[PDB]
Amino acid sequence: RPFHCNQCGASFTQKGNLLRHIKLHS
Amino acid sequence: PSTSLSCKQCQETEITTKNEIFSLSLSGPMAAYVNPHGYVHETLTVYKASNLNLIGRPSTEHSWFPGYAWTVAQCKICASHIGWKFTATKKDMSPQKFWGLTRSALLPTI
Ligand SMILES: O=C1CC[C@H](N2Cc3cc(-c4cc(CN5CCCC5)c5ccn(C6COC6)c5n4)ccc3C2=O)C(=O)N1
Ligand SMILES: [Zn+2]
Ligand SMILES: [Zn+2]
């Protein structure tokens, strides 16, 4: 999983999952 | 009049109760932990939590409690990040699992 969240460490295969996730941190 | 800690963002689900709280670290129950990227998380350690789904596979990278591995944990209703499940990497550790719930993700404020 090459997409990583800098806030919590979540990792994703799909860019679009990352975007979804990052928004929620807002 | 409640014992419960709920998802700040949706407030629909109870995640844990005050009686789950324990001090894994003699840093007390809730200390500030810094992630590799400079985010500080006041993480509360509880034995049990519910209504949380896991993301990713468990990792030991930069684990705040050595011997344990972290797996991201989010609200099953809103998917908001709540904290991490911590799972021991060695048989001789105790407990074998707990949760670290980030303060800014729960109501009330602890
Ligand atoms: O007890 C705990 C709870 C969990 C908590 N953590 C860990 C963490 C780790 C990452 C993370 C991981 C990786 C993968 N690695 C690096 C190469 C080998 C594997 C990369 C690669 C790149 N980045 C950044 C984003 O893009 C640049 C990465 N960030 C982001 C946030 C967090 C976080 O809160 C903690 O410190 N301790
Ligand atoms: Zn995240
Ligand atoms: Zn929620």
# chains A, B, ... in the order shown; residues from 1 in each chain; ligands from 1
>>> residues_near_ligand(ligand="ligand 3", cutoff="7 Å", atoms="only C-alpha atoms and all ligand atoms", output="list in words")
residues 7, 8, 9, 10, 11, 12, 13, 75, 76, 77, 78, 79 and 80 of chain B
>>> write_last_selection(atoms="C-alpha atoms", output="PDB file, in the first residue's frame")
ATOM      1  CA  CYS B   7     -17.265   9.326  18.410  1.00  0.00           C
ATOM      2  CA  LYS B   8     -17.014  13.113  18.588  1.00  0.00           C
ATOM      3  CA  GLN B   9     -17.791  13.314  14.864  1.00  0.00           C
ATOM      4  CA  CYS B  10     -21.055  11.301  14.711  1.00  0.00           C
ATOM      5  CA  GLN B  11     -21.750  10.834  18.437  1.00  0.00           C
ATOM      6  CA  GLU B  12     -23.901   7.864  17.435  1.00  0.00           C
ATOM      7  CA  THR B  13     -21.610   5.165  18.797  1.00  0.00           C
ATOM      8  CA  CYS B  75     -15.711   4.680  13.638  1.00  0.00           C
ATOM      9  CA  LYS B  76     -17.901   1.995  11.995  1.00  0.00           C
ATOM     10  CA  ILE B  77     -20.619   4.622  11.436  1.00  0.00           C
ATOM     11  CA  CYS B  78     -18.731   7.754  10.223  1.00  0.00           C
ATOM     12  CA  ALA B  79     -15.309   6.217   9.406  1.00  0.00           C
ATOM     13  CA  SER B  80     -13.618   9.014  11.416  1.00  0.00           C
TER      14      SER B  80
END
>>> residues_near_ligand(ligand="ligand 2", cutoff="9 Å", atoms="only C-alpha atoms and all ligand atoms", output="ChimeraX atom specification")
/A:4-11,18,21-22,24-25 /B:72,80-81
>>> select_by_dssp(residues="chain A", states="strand (DSSP E or B)", output="ChimeraX atom specification")
/A:3-4,11-12
>>> closest_residue(among="B:35, B:89, B:45, B:19", to="ligand 1", atoms="only C-alpha atoms and all ligand atoms")
B:35
>>> residues_near_ligand(ligand="ligand 1", cutoff="9 Å", atoms="only C-alpha atoms and all ligand atoms", output="count of residues only")
37
>>> closest_residue(among="B:101, B:110, B:31, B:24", to="chain A", atoms="only C-alpha atoms")
B:101
